[PDB]
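Read through the structure below, which is laid out as structure tokens, and then see the notes.
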Amino acid sequence: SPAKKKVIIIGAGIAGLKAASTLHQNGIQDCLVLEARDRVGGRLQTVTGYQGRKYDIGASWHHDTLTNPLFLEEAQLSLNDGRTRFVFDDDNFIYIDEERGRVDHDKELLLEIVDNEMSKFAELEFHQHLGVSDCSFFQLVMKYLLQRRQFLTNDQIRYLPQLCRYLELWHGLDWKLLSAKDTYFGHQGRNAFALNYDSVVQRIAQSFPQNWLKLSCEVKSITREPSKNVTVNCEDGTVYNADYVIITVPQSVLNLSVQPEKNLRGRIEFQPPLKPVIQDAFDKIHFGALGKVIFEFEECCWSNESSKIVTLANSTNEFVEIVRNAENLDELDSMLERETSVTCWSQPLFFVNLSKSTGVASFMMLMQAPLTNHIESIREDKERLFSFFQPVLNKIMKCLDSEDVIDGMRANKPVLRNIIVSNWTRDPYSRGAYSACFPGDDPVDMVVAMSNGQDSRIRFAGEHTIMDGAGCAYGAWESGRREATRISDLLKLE
Amino acid sequence: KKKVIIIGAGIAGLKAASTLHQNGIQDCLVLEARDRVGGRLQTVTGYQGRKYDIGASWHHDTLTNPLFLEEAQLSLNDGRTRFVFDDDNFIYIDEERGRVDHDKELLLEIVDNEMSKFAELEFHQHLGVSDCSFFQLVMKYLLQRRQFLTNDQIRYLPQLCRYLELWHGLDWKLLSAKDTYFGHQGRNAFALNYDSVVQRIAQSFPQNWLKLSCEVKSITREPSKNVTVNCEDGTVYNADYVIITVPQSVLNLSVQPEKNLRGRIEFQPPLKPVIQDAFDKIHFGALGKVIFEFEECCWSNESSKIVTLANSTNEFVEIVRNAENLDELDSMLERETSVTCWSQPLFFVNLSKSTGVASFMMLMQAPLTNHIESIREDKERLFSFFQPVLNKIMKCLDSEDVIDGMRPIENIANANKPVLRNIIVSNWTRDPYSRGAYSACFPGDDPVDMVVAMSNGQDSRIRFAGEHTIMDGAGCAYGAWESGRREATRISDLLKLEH
Ligand SMILES: Cc1cc2nc3c(=O)[nH]c(=O)nc-3n(C[C@H](O)[C@H](O)[C@H](O)COP(=O)(O)OP(=O)(O)OC[C@H]3O[C@@H](n4cnc5c(N)ncnc54)[C@H](O)[C@@H]3O)c2cc1C
Ligand SMILES: Cc1cc2nc3c(=O)[nH]c(=O)nc-3n(C[C@H](O)[C@H](O)[C@H](O)COP(=O)(O)OP(=O)(O)OC[C@H]3O[C@@H](n4cnc5c(N)ncnc54)[C@H](O)[C@@H]3O)c2cc1C
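Those protein sequence lines, which keep their order, are chains A and B.
The first sequence maps to residues 5 to 343, 349 to 419, 427 to 510 in the deposited numbering.
The second sequence maps to residues 8 to 343, 349 to 511 in the deposited numbering.
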């Protein structure tokens, strides 16, 4: 009964899609790509909004364009057909405080400058020196303020910590949940806003046999018969046999495997269960929750000075006073515990003014955990969403020379037509955005256990399974290429 | 006759004396060729009593700079102001285009940042695979990334990124690519009187130790147990240990012919190969300074850091687009003079915003430096040479063209126009006791070598100190300061532990 297959890939995200592509390109046939959703792409998904406008609600950028192999590949194509597949949209950040207004490039505040000194401080804090304890990003910032208070103005002490939190939008984590050791990292060059990551997804998906793709099939278990064979079971009853399998489900979905209860959507029952090294790696790495909100307006009636805008959370002069009077990190903690609801100003938010970079009168906004989890939970209540983001949307329009926003969801004033929201934390085949470090996490344990496979036949691919480009679309891509190559060679020696 | 002999009263030599004294060492003296202390640290006085550091000006790497932290503690204790954090957002000016900084369409700072990453990736974990000139490195980048750069970015980015010339005091075709990018361990603090630092240390040991105008010309280390030193005037001192702090450039004369060169010291026996071979790894740049003193501030204090970019050409762009490789671009870059204020980048510190003084402190680099210090006394010519960039700057700062008021001919209808009252220029390249600014790398150079050679010393008795004898803070005031405490400590114990 079990139909024979050379290789069976679980998940049609970019890792799985590139693993299949690699296999076909290497002359391997009789393979399959099992995907639980009714589409390919995984965390790469482009959606349609007001008037046919398109937005990437998952990944949006090609990072590290200096080294990024996926980007380079895409750039080569565009060098021939002259087609526009991406656009370099890095720009000078505009920072907005609710009270003070724009604080970027300010001749008195000089925030970007002290931020740079802070990064250096963090680097001098962990780089080189072995054995330093980890601690949260927030605690790292307080330590910086404490040690350098003699060289900072009251305004810098107040607004710097809030401006530094834009890093929260790189991890999808609040600074008190984020590992200080993982916060900073060098970007290998400018980023490139993909103009349809779906275009990248379809190009790869289409580079191999289409009857290889099986959508809407949710894998529920994988068994290794200690006799060169692997049994896979789709929920739709079908059973398969294969020499090899490449598992590319999110680290969060795979986690479900090391816990009791098998009736969880997306969970895969492994027999034998995943090795202890893999099991144990889950206690040393976690998952962040970066989310997106697409604010679509009728037309562009605001300044297009920049395509990057960050709204700072609220700060107070009281905080400055506490920093001035604290004797040590211990007292600052005590004094800081000063005693109410969560508003659009309770945390930083990162806005992408697509008007300037793509010409579309819309804003792409990034949010972090825990806000992401609350906002996605009420993803349906548009009225409530507008109320929540109304004050910061207004403050932006002010700073960008415009009037308060008008709710046109059902000539001189910005009219909001639609609001789109990500759903990654509530989606069972997602359960979050991507791998992230809580203080104490060592991503290396997971990368090592994943790339060494459960055994010779059961392998892993995905953004959480590799070092360079970890968490990125291109890293997931490379991992796909990594596992398919190892298998092509092995089979090649058949 | 003496226990320790310190040659040079720069900050390296003065710290070394301060230390020895701090460890109760007796009978030590400081021999300085000049008629003052401070070496490359010199604060001069100009119009209306304004003071300027014509040598070192900033405390670099304030996060780790131990000299700076010491000054900071002093300030915490007495409230006296010893420095100010003058880092600021740079204003970049092009003769034709005007301001090109923080531009919504040019975004030069962002690509310059990428430019920096690329440089790290090229020399990263490769053992520094064959260095080239900063200029060459920049061309590689332009070529390899042209597909992702606009025409104007290709034109102005190379010019803007040359601000790095003012950090080395070397033009981009003479500068080592591998050493072009530095750490910058935190903000910089402008010393509000480095003379305060020099004075403090000079006053921390026996005032009778110092001997000014004493040019040392020969250091003889007899296989016995004492060293012999003789100033040019004839006086000969002999001591247990000797800490030589003269600048690398001067020390590099000991390995040349003709002991008639001013400053050159004759070693007996000669400097071992290791040391002499160290000088083969280039070194010594020529950062220079010009101070423009105005009657009063009549320009906008938008920033305290202004950089005028050297002229560029669209013709250059066209060539980057065409070249098919590094060799074709290299040769396709053949344009067949005259040096003007626009032939190189110039760095202007607008002291009005940071220190409330109506002056500009301008930094220049080799080969321009030597030419400008050559005519330092020709005020009229100095004015004509920089007049165009000065006006270009004043225009951008919402002011008028400069008026020459250096002579006793003041006017009354010039209250809205900036009035230049005086110009002050350095003389480091032409001063025999400095012969340049400080250690620097020509492509192919390797500082580690001279550092180890100097650090190791000629022997347990003939030691070295100075901004070229250390790794952390190399070429900086604090590096020289530390190197001084270093040799001091060693010699200290070798004497304290004895009897
Ligand atoms: C909001 C957001 C923004 C992001 N922005 C960026 C960015 O700007 N740049 C960047 O580089 N990265 C970004 N990322 C990360 C990037 O999207 C991911 O690294 C990458 O898409 C992960 O790819 P993958 O192939 O490993 O996994 P997917 O996460 O691609 O997983 C593969 C597939 O497994 C399927 N699957 C799960 N369970 C089962 C099952 N039981 N049976 C069958 N199939 C199953 C899933 O449905 C999924 O399609 C972002 C992520 C999010 C969530
Ligand atoms: C234009 C300029 C700008 C600078 N800006 C900065 C800055 O912003 N920040 C910073 O950290 N550094 C700066 N520096 C560098 C800083 O000035 C030096 O690192 C430091 O002063 C070197 O100190 P030193 O003690 O090693 O040498 P000096 O160079 O201090 O040398 C010591 C002494 O040796 C004496 N000497 C030489 N030959 C003989 C001889 N034969 N006999 C007796 N005595 C002799 C000299 O006259 C001199 O006084 C700058 C330098 C220049 C030229």
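Think of the CB as a built atom: it goes at the ideal place given N, C-alpha and C, for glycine as much as any other residue.
Would you say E121/B faces chain A, with C-beta separation under 8 Å as the test?
-> yes
Minimum Cβ-Cβ distance from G105/A to chain B less than 8 Å | no
Tell me whether the beta-carbon of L114/B lies closer than 8 Å to the beta-carbon of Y163/B.
-> no
Contact list for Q160/B against chain A, beta-carbon separation under 7 Å = Per Cβ cutoff of 7 Å: no residues; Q160/B is ~10 Å from chain A at best.
Looking at the structure shown, is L113/B part of a helix, part of a strand, or coil, going by DSSP?
-> coil
To which residues does DSSP link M376/A through a beta bridge?
-> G295/A
Selected residue, minimal CA-CA separation from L340/A, among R328/A, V44/A, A449/A and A370/A | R328/A
For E392/B and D42/B, the rounded distance between their alpha carbons = 29 Å
Assign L260/B to one of three DSSP states: helix, strand, or coil.
-> coil
Express the C-alpha separation of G46/A and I415/A in angstroms, rounding to a whole number.
-> 34 Å
DSSP three-state assignment for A19/A, whether helix, strand or coil = helix
Taking contact to mean at least 3 C-beta pairs separated by less than 8 Å, is the segment 294-301 of chain A in contact with the segment 57-67 of chain A?
-> yes
Thinking C-alpha only, which one of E103/B, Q55/B, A24/B and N30/B is nearest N318/B?
-> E103/B
Same chain, Cβ closer than 6 Å to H28/B, neighbours up to 5 away in sequence not counted = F212
Which whole-angstrom value is the C-beta distance of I226/B and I474/B, which I expect to be below 8 Å?
-> 7 Å
Kindly give me the distance between the Cβ atoms of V401/B and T315/B, rounded to whole angstroms, as I take these residues to be in contact under 8 Å.
-> 5 Å
Within 7 Å: the Cβ of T252/A and any heavy atom of ligand 1?
-> yes
Quick one: list the residues of chain A neighbouring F125/B, beta-carbon separation under 8 Å, in chain order.
-> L70 and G193
Closest to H191/B by CA distance: which of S504/B, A500/B, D505/B and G485/B is it?
-> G485/B
Determine the DSSP secondary structure at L432/B, reduced to helix, strand or coil.
-> strand
Report the residues of the segment 375-386 of chain A with a CB closer than 9 Å to any CB of chain B, ordered along the chain.
-> none
Chain B contacts made by the segment 285-317 of chain A, where a contact means CB separation under 9 Å | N308, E309 and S310
Euclidean distance between Cα positions of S371/B and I387/B | 21 Å
Using a C-beta to C-beta distance shorter than 9 Å, which residues of chain B count as neighbours of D95/A?
-> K111, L114 and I117
Out of curiosity, what's the CA-to-CA distance linking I100/B and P459/A?
-> 46 Å
From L380/B, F197/B and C238/B, residue whose alpha carbon lies closest to that of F90/B = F197/B
Grab the span of the alpha helix (DSSP H) containing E78/A for me, first residue to last.
-> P73 to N84
Which class does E322/B belong to by DSSP, given the choice of helix, strand or coil?
-> helix
Do the segment 303-310 of chain B and the segment 406-414 of chain B touch if we need at least three Cβ pairs shorter than 8 Å?
-> yes
For the segment 184-208 of chain B, which segments carrying the beta strand (DSSP E) assignment without a break, of at least 3 residues, lie completely within its bounds, in sequence order?
-> 196-198
Are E499/A and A477/A closer than 8 Å when you measure CB to CB?
-> yes
At least three beta-carbon pairs within less than 8 Å, the segment 213-223 of chain A to the segment 67-82 of chain A | no
Any chance the segment 16-31 of chain B sits against the segment 246-262 of chain B, with 3 or more Cβ pairs inside 8 Å?
-> yes
Leaving aside the five residues before and after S364/B along the sequence, list all residues of the same chain whose C-beta is less than 7 Å from its C-beta, in chain order.
-> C304, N308 and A370
Which residues DSSP lists as bridging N245/A, in chain order = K8/A and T235/A
Residue environment, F359/B, which counts as buried when at least 16 other CB atoms sit within 10 Å = buried
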